[PDB]
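Two forms of a single protein chain come next, each set out by itself as structure tokens; they are called structure 1 and structure 2.
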Structure 1
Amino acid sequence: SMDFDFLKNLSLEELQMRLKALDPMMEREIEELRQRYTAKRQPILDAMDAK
């Protein structure tokens, strides 16, 4: 793949660092997702309150 073609040009140490960064990056994305879902919830709550 293109990603492999790019990554093969990096040092081993850089590749090790990139591998280790994935889990914390994913965890931050999950936190972002939770914040986006508060904004999905709110209009529904607002509509309930307007009935």
Structure 2
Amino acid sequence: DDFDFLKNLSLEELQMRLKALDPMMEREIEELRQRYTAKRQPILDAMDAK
């Protein structure tokens, strides 16, 4: 925040910026899921290895 800059921008530009946050968030969420896949697989494998 950042408002002091954003307030000077057109509505179209603000619309574009707000929209850009969605795929950005989704990328972060996917990376998080992938991080947990890396934790989950070896636990499952360890269980199946006994």
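Here, residue number means position along structure 1's sequence, counting from 1. Throughout, rigid core stands for the largest set of C-alpha atoms superposing within 1.5 Å between the two forms.
- Once both forms are fitted on their rigid core, the CA atom of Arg41 lies 2 Å or more apart between structure 1 and structure 2.
- Annotation: Cα of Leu22 displaced by less than 2 Å between structure 1 and structure 2, core superposition.
- Once the cores line up, the CA of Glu31 ends up 2 angstroms or more apart between structure 1 and structure 2.
- Relative to the superposed rigid core, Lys8 shifts its CA by 0.5 Å between structure 1 and structure 2.
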